[PDB]
Amino acid sequence: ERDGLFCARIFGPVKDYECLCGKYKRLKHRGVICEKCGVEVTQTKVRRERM
Amino acid sequence: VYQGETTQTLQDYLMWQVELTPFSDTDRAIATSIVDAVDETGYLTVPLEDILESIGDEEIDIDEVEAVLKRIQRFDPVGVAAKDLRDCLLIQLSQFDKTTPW
Amino acid sequence: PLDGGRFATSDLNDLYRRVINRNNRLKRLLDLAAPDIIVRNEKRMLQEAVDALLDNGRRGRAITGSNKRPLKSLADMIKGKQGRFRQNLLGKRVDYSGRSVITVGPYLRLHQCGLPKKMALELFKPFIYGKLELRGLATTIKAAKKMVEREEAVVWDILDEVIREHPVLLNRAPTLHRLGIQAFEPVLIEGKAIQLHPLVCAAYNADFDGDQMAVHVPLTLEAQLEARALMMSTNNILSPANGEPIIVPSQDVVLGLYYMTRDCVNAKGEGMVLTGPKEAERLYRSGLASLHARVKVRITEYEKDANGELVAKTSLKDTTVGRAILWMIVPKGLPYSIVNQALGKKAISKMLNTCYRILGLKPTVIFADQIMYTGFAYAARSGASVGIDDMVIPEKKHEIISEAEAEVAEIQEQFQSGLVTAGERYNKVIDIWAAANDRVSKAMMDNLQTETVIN
Amino acid sequence: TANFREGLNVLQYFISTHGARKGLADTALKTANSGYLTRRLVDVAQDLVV
Amino acid sequence: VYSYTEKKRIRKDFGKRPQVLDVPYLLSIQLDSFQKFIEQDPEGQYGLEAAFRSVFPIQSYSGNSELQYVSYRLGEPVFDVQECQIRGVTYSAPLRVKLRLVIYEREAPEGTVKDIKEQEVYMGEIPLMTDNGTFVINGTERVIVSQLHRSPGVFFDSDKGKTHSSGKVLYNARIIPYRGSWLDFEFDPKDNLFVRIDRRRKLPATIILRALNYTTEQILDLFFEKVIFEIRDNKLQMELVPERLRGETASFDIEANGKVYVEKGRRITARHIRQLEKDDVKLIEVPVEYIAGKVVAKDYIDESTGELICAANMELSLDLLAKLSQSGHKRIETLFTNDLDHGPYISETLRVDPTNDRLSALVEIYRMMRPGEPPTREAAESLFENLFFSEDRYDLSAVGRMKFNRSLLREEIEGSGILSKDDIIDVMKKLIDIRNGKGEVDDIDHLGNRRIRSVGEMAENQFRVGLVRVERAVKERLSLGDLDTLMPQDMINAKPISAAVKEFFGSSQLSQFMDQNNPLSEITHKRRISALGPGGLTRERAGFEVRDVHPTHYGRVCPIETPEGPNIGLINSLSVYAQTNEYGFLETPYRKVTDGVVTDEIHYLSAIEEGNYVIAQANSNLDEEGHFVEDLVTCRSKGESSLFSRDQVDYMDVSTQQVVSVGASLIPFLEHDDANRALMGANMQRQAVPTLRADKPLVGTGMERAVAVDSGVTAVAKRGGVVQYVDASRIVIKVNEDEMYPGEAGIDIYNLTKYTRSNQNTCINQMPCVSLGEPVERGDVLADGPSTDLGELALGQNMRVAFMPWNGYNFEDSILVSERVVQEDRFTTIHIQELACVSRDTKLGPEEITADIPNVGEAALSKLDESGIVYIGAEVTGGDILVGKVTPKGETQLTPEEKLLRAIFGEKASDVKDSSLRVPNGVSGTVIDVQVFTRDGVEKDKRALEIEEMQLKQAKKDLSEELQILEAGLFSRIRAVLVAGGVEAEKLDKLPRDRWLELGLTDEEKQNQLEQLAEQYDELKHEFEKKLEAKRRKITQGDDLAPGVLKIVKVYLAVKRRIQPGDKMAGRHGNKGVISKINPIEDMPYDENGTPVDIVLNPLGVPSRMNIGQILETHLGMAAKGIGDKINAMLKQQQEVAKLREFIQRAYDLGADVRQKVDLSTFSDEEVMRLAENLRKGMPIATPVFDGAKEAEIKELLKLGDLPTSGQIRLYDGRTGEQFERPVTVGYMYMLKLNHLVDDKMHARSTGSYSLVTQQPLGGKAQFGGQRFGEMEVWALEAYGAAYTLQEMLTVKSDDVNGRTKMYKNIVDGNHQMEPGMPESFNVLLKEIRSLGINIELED
DNA sequence: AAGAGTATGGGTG
DNA sequence: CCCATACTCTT
Ligand SMILES: [Mg+2]
Ligand SMILES: [Zn+2]
């Protein structure tokens, strides 16, 4: 859920190099913030190190 | 408290095979991009031009990408990272012995 | 995640949910200009929720779940015997490790251990993959993986090649004094049990009635050299606590060496003159002389000189056949008097220590192995058994017991007459019984230790 | 007054059980106390190096 | 006289003391308890009746209506025990309870009966106990262990000067009810009493006294006596008793009635007191300073002033004496106190106590109990009333009341369940009396203070716990007035009661899965006593004294069989003859001695009663009429033993095995073994696994048959008769005519358990031990269970063993085993494993079990039938498919690539994904059984129909047997009637039976009888058709499964484990070991005849362990085998029966005045030959645990078999042929295979899966985990100095995520180097510390 | 008004 | 069970 305890906009993507809604999906879009969902396109391990 | 364990997906297995393959640095980057492009059914989901753009270096031609893709397609399982059904079937048939009846 | 599509919840997530709910309700009440009598209660509950999240149970009563069990907070994860420091940082579970039951390998050398090959195939898997790819047997990593899965005949030769000089670490819990972890060279065996050298058990405090051990594999060159040069069993011979040797024979070895180095008054082949230990061995094997026969043997012994050289002297010694046979195992540089007696545990330990102090380390290892082999062989040859008739009761036990009972009865009658008190009578009865026990023990031991023979 | 070759009667065996169980309980319970002592000894002298 | 089962093979007995009381049924403790819980009771003292009466009637606040309990009832269970085990459901019965709602009119005397409505309601299910003392919960057998807890009552104790550094002891008393609040009284180093309520803040002891409406004068009168000083114009003359002066020294010259008894400075002697008593001294002369420190009792007021002069319990002074002198108060009451006794503890506590009224005490009690809230008079009064004086919040039970009255030396036994003022007063007076050195403290570990609580009482307590909650709900729902329509059914909800009962029977601490290693395991488990559990102790806060052997354990608790480890002394075993009182206290039987004559009277005495008598030992010689041969006998009198005269004996023991338990009574020559090794052997004997073929011990104690029969693992004849049908799976007995009920076909049918999985993944299998046509009687054994041989317990095998060292292969408890042992499958075991596959329902469609998996080849589907389930009898290995299943992957958009895939290959492959059940890696076996459970309403597949048809055939056959018997009898009657008149004989014989009904006769009874017989025949046919239909309906009923579950399929695999090095073996004397080597046959030592041995054991293990029983067992087994060898040699060369019976009679006659008499003259030749055939492998022998065989008898038996008397022979080396130098002890021992198999121990790992949080390898062999490298291993590596080994162990082997990959790649490439990084756990720790609001970070 | 002593609470196994 | 701290009686 958005703004919840597991929100992808705060803590990171739940899949590698993909945003939550699905506009950007590959390595060519690395380091891009999707304007719709607000999720960055990066590795999914950032959820271990973002508070 | 049981925290859960780690599982091996198709991409984890493919990356494990990539790490133990004698690739160069550029070849390993291309292989990383290609494996990232593979979906759960084992097919490539983007054209090779997208991969070449995602590499980010202008010194690399499409033939090197093709060679790396051909090498990756011989990983286990055979036929993975194929462009379409015809390519997958041809790759699978290429590994058969010549004594097959048909 | 559980079967049936239920995610359940964790304690930390529940505490966070409680804090967030209280905070949101307090925000809404504050922005609505609610009466103070309710916002004070809401603030108190928010304080309690934050306290429970940070450290549950420290202040007041702990908040529990549905199982009447208090929830775990951040402090619970940080501290305790189940916290990060003691469970994950000061100790951890590792790869390249195994465990199983231990048996005894009597044929092994001191630096060797017996490893099952089914365990060794799993432990050394990447080494086998590399070796298969190195000699062209496999062209890809998946080919080597499939070959190892199918367990073809060539992978066993590869495994025998990859473990040739690669040490392993054996450990038995609990570890007390750093001798609970040692390094050994593996020997591949059939079965599922680990074979252990009999001379190291005392260091491990191990016995073969259900004990298990763990095995670890060093990976890098530095770790392998540390295992060979620091932790190898042939380096740990002296105790770090007091300096005494720890690889000391016990039980069967001691019994066999003691039995072979004894003398009997009238044994077969007594009173003959032999050219050397080899003639004594030939006589014993041929059945022409007894192992306990008292004979004279020509013995040549070496002594270190002032500058550090060995000088030999030859003379006739009055000894037994078994002592001359045992003399063939002793290395050069030790006196013949070290074996010309009946050898017990203390004598064997002193002999090993003398060899170490005079000659060095490698001769001591060789000597210890030879001692173990000889002791086992002659303990087997003796045929020593245990029977009900070996426990001889002294014939005077009944009369001693009767006299003690008579003394107890007379002192009891004296107490009845009133001549003594309670404590004095109790102490005197105890003393009488102790004296009777000492008399019985002395009689039994005197009867047991001697026998009569015909000259 | 009996040994193990002759054999004990019921009363003597019942008497010996007291000492047997006392020794077994002591052995079972001092293991948890020696470890605390060795832990404290290691903690106090962890960093001493030549 | 011997039974049929025993006469086949008689075991020779060396016991010499006759038996006066037979061993009782070994499972009475469970059966009696549950029967007491369940059975109807006219009185409300036990079971469900007590629970129902203790709550009902339930009355509302208004009082216009109430609910009244009438009676309860238990219905018949739906399924049987076996059916419940097959289906996996609980074996239980429904509870029907009759309630009555009564309504009362308003404005009328008392309550007018407006309307009464009676209804029978359903309360829930109650699990039932089987015939063997177990419960089937969710298809699995379970055992509820009895608890040894602290008895209710009052207990006086003290500390041993440990709390105070002065070494002064402090006393205390405690009142423990069955349910309620604790009440404690205690002393302090200042001789002041204090009262504690439920372990809370300390209070002065007079608060409770003031809370009971007591004035200070009354308190002083209760706890002190009176001394009268009178103003008599002679300096306050006093009325004195001489005994009062004892224990004091004269303050001045003691002269009375013109006689100077004592002088100043002289202590008063006993002679002076006697002289005072003789002279009857009443008046004394004392100075006015004699009341300098004396304490006045009551209150004196001057009538003129009208004001109080001195308060109660105050020390007087000279000025106060002058004040009372001028007022003319010729009566002053002081308190008689001393230093030796009569302490002022009550007065000093009263002075220290702050409150001096009746209302403030309640306020203080309320504040202490409930702080943080303002007090209230009504609240405090209600709290005090409900604390100890309410029947709904405090119950001192019947045993509690009995103990309370016993401890206070009362005369009555019965009483109320709540405390009273007099009870507290008596407790306080007793505590003060203890303080004054006039009594003794109690012993907590005494078995008269510890009580036994069994399953029935616990079930009753849980049922009452549920019932009070239901009562609260009913009272809350009864406030609304709708009595015109409401019914009791809508008022009570059965959910809480059923939930509580299920919780108790499924997840209690004392409810466990039954141990099913062998019959001895089950017997031991069902007779276990625990000090733990709810209301018991904890293994870390127990103490040494509770773990000790107490003198009162004699004959009640086994002093040997206890676990070793944390739970030593807390888990106990019941002794053989032990029972319990009606109050729950252990008692043991004794024989009554009258005038020096021992009789057959048996009295069961408890621990309290036992200590008041002189009880003789069972090792006491007796005459023929029951006279002690000696004059001084050894006896226990008051917790200690000594010699006593013949006329002082009160009781004697009934047996020499009274002290030990069932497990310890199975060890032969136990009196020659040390207690530690006896404990080890008793523990190890109940973890042996059954083998392929059972073998009787050949050296036993005589308890094997009792354990085998009372365990319930065998088939025992319910009635006598003849074996009509025998088969490997069923037995049919034709009952005797004198044991048959009217109007029945007398047959018994026994269906045997074949190859069934146990709770420990072992095999349960029964085999018949009877032949077709032989007679049987009630109680005979028809089929042997696991580890049973002709009705005797058989846990191991007989092995030929030598005691010698063999080349270091038996070093430090190792065992050398011959190859012939392996070749004969003597220690091979069967193990059965279960696997399950569940098909559920998803949102995208339901999962299907099918054989059409699109992505697998034809070879992998060869072993599956048409329904997708593996065949019975298939050999499977790791990775094979057991049940085929597919999961709906869901609809998609069907892009042209997916359309191409569907068109080319198919549509099935594109809609489902494989989710089959497969054999786990490292597992193999044979498929022996498949079970299919289907939800009601779902169509069954062909496999389920086949299973149901097979299940129906058996029931049809069972009914057909009885139907055939009955119809044969009826047609015999028909033929008998028809022959009498119009006889056809041969012509009638030619016609079939059915045609006989058509034939008729005249209008006499010759036709009415035939009509009656035809009607009976039709009725029989209809009855049996109805029975068959009922059985079919029960069989075809659907299964109720979990929500969202469609089907379940269970597969059973069977494997055989052989013996191999690394397996653990043991004997019965605590001699365990591990196999080190399997030796070829020609390497073993052998004797003059060329016979080798099976096992070689190290003699060095005997002398230090002091377990000498094994040597004697070896000698006696050698002798028994010799006798068997003589019998076998006689049988081989066919000889006369006369010689055989002569030799067997000689063998049975051996011994010195043994109590067993066997006479073969009453045996027929066939019986003698059968017995001789059963004795050709050795004659079995029994030696009781303290009445066994002597060495002389063993030597005589050796001489009878022509064997050396020493028990030692000459052996030869198998490898060289040379004779060993000394004789070796060779004989036969009983060996066991323990459930510690090296197949289950060996485990290794290279790499695998890791935890999600810590990123470290998992733990356990099931998870393919790694080994833990703890702090001690780190210390060892630090002491070695191996820094690189430690760093490699810490980073690239556990939780350095990049380092693991780099290390693996380098190892494969042939480069042995590492690049360590930061462990992930340190990052986790940093994040966790930051989440606490603390800034921790790395520098530079 | 200091000073020695006692009841209460925390951390340890 | 052992050590540190707030409250109580004594010189
Ligand atoms: Mg051991
Ligand atoms: Zn997006």
Side-chain angles (χ1 to χ4, degrees), chain C residues 51-52 54-62 70 72-87 90-91 173-174 176, chain D residues 24-44 46, chain E residues 157-172 182 184-207 315 345 348-355 364-365 367-372 444 531-532 536-547 565-570 1270-1272 1275 1332:
Chain C
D51 295 3
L54 289 180
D55 197 337
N56 193 20
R58 170 169 293 274
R59 164 58 168 78
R61 48 184 180 264
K72 283 188 55 178
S73 51
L74 303 166
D76 286 321
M77 274 110 63
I78 288 301
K79 68 177 166 52
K81 197 181 180 302
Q82 312 289 337
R84 283 299 173 281
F85 282 106
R86 298 187 60 179
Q87 194 77 6
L90 295 172
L176 300 182
Chain D
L24 287 180
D26 199 339
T27 295
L29 261 57
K30 67 180 171 183
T31 297
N33 280 85
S34 55
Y36 211 11
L37 176 64
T38 187
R39 270 204 69 197
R40 278 174 278 159
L41 286 180
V42 172
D43 289 334
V44 75
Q46 179 82 61
Chain E
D157 202 59
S158 68
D159 55 67
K160 310 95 183 62
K162 299 174 55 184
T163 56
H164 205 250
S165 293
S166 300
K168 173 184 172 55
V169 297
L170 299 83
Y171 299 88
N172 55 85
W182 292 16
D184 319 322
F185 310 88
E186 55 188 22
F187 271 96
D188 277 12
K190 306 178 180 181
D191 289 69
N192 291 323
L193 277 168
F194 294 88
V195 169
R196 297 177 59 100
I197 300 283
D198 196 7
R199 278 287 184 176
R200 300 197 72 84
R201 193 178 77 260
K202 187 196 312 176
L203 255 62
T206 329
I207 302 302
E315 50 276 26
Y345 335 104
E348 310 307 315
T349 302
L350 254 176
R351 287 172 177 172
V352 178
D353 135 76
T355 62
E364 286 188 346
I365 293 175
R367 292 177 62 92
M368 184 272 305
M369 291 293 300
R370 293 192 176 187
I444 56 176
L532 309 173
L537 314 176
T538 56
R539 81 188 64 174
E540 53 266 11
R541 303 176 67 91
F544 287 90
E545 282 67 33
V546 74
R547 301 172 183 259
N567 288 325
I568 182 172
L570 307 176
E1271 301 188 36
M1272 303 183 189
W1275 299 339
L1332 281 163

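Atom set for the values below is all heavy atoms of this structure, side chains included, hydrogens, waters and symmetry mates excluded. Below, chains carry the letters A, B, ... as their sequence lines are ordered, and counting in each starts from 1.
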### Contact state string [nucleotides 1-11 of chain G, B base, S sugar-phosphate only, - no protein heavy atom under 4.0 Å]
S----------
### Residue pair E:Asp184, E:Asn172: steps toward the side-chain contact (heavy atoms from CB on, under 4.5 Å) verdict
CA-CA 7 Å; E:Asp184 319 322; E:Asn172 55 85; over 6 Å; no
### Message
Ignoring hydrogens, what is the shortest heavy-atom contact between E:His164 and E:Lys168? Give both atom names and the distance.
### Response
CB-O, 4.2 Å
### Nearest heavy atoms of E:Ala205 and E:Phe194, plus distance in Å
CB-N, 3.8 Å
### Query
Looking only at heavy atoms, what is the nearest atom pair of E:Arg539 and E:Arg547, with distance?
O-NH2, 2.9 Å
### Message
Walk me through whether E:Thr163 and E:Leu170 qualify under side-chain contact (heavy atoms from CB on, under 4.5 Å).
### Response
CA-CA 8 Å; E:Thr163 56; E:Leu170 299 83; 3.3 Å; yes
### Query
Between E:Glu364 and E:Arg367, is there a salt bridge with N-O shorter than 4.0 Å?
no
Atom pairs, protein N/O to nucleotides 6-13 of chain F N/O, distance under 3.5 Å:
{"from": "F:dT12", "atom 1": "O3'", "to": "D:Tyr36", "atom 2": "OH", "distance (Å)": "2.9"}

### Task
Check the pair E:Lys202 / E:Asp188 against side-chain contact (heavy atoms from CB on, under 4.5 Å), numbers first and verdict last.
CA-CA 11 Å; E:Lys202 187 196 312 176; E:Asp188 277 12; 3.2 Å; yes
